[PDB]
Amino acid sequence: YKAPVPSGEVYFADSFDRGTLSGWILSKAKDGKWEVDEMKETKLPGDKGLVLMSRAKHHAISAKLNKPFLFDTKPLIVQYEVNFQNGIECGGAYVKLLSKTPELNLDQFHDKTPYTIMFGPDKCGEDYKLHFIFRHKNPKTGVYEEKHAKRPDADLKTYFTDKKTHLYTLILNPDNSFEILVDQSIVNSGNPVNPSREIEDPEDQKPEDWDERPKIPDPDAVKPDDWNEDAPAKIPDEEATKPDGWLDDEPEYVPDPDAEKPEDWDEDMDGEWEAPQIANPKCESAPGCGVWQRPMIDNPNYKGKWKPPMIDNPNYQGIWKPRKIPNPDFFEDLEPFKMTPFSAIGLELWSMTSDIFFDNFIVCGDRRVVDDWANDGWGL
């Protein structure tokens, strides 16, 4: 079967139902490429999606929205689906909402291209992350400070290994609060962080007389006389004896009969050749070779080193700290949701394995209009 058609407005939605990555722009900045076929071993004869396919760096692809999404009297809703068909070792398959600007040379989709929000799955080695970041404009320095969003309560792993297509929803209400419904289940929610507070005088110094040492050695207890601290942990076994067929003259190891410093070697500093030692064979059929070593047994009188007991330090003036002195770059927490608008949705992804499946890219402001395209697309 198949169907999924827009309900209300658009902002951006793409189902690749047409069948082509018609309408997407490979970067040119500076690799891997993309295609739009069915799912590997599908189960839906018709739903093909934009799919990564390499190991190089799909650092590319993006597309212009249908209309600049501004952050005012409508919340933001973005949602797509991915599915690491070959499971991800270490890579990312999150979306990037390219900010608005006069001429947005997409084709030049650089890496430090300004975006407004980043969002989606990423997991390297064994971290399993589902991001959501929204760069805030330092309303003073004017610096673009990317404010993250705490992890979710729920392990994610499964979503990256069950080689089965999952869905990601992102909703940011002007409230300045959110949640990250993934496969319908809101796995995360909320409402560094934009405004600040103070700072400490980096010109303050932990004085030397300031003791931050909880416990200390009881200056009373003293190393006992029997505690000979110079006694080794090992002393020879005078009970032992040197086997008889032992070869005192036969040299432990011998220089290998392949001793040839490659005519590619530069003693001048490729080091200073030395023929690897082999292993004098004469010894193979012998008790031992070269200088004998009377085996060591443990040592009865070994002790260690004076272990004076620890005791609280009557003067441990708690761990010292800089004397908090005012906030110059002190800014403010407006209605954050009023972040710079974006005009494109792109994907600069590192990755590792191929066959990553992307699809149903949809971006609307209404929740229903989005909840439908969902049960329409993914729901199928």
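Numbering starts at 1 and follows the sequence shown.
Student: Deposited residues absent from the coordinates between residue 30 and residue 31, none, 1 to 3, 4 to 9, or 10 or more?
Tutor: Count of unmodelled residues in between: 10 or more.
Student: With respect to the deposited sequence, is there a break between residue 191 and residue 192 in this entry, and if so is it 1 to 3, 4 to 9, or 10 or more residues, or none at all?
Tutor: Unmodelled stretch: 4 to 9 residues.
Student: So 231 to 239 or 206 to 214, which one's hotter by mean CA B-factor in the entry?
Tutor: So the stretch with the higher mean C-alpha B-factor is 206 to 214.
Student: If you average the Cα B factors in the entry, which is higher, 160 to 168 or 197 to 205?
Tutor: For C-alpha atoms only, the mean B-factor is higher in 197 to 205.
Student: Taking the Cα B-factors listed in the entry, which of 151, 112, 96, 135 comes out highest?
Tutor: In this record, 151 carries the highest C-alpha B-factor of the candidates.
Student: Taking the values straight from the PDB record, which of 270, 81, 146, 126 has the highest C-alpha temperature factor?
Tutor: Comparing C-alpha B-factors across 270, 81, 146, 126, the maximum falls on 126.
Student: What third of its chain, lowest, middle or highest, does the C-alpha temperature factor of residue 101 fall into?
Tutor: It falls in the bottom third of the chain.
Student: If you rank the chain by CA B-factor, which third does residue 71 end up in: lowest, middle or highest?
Tutor: For residue 71, the deposited C-alpha B-factor lands in the middle third.
Student: Relative to the other modelled residues of the same chain, rank the CA B-factor of residue 285 and answer lowest, middle or highest third.
Tutor: As the PDB entry reports it, the C-alpha B-factor of residue 285 lands in the highest third of its chain.
Student: Give the position of residue 116 by CA B-factor within its chain, expressed as the lowest, middle or highest third.
Tutor: Bottom third by C-alpha B-factor.
Student: Sort the modelled residues of this chain by their C-alpha B factor and say whether residue 130 lands in the lowest, middle or highest third.
Tutor: Lowest third - that is where residue 130 ends up once the chain's C-alpha B-factors are sorted.
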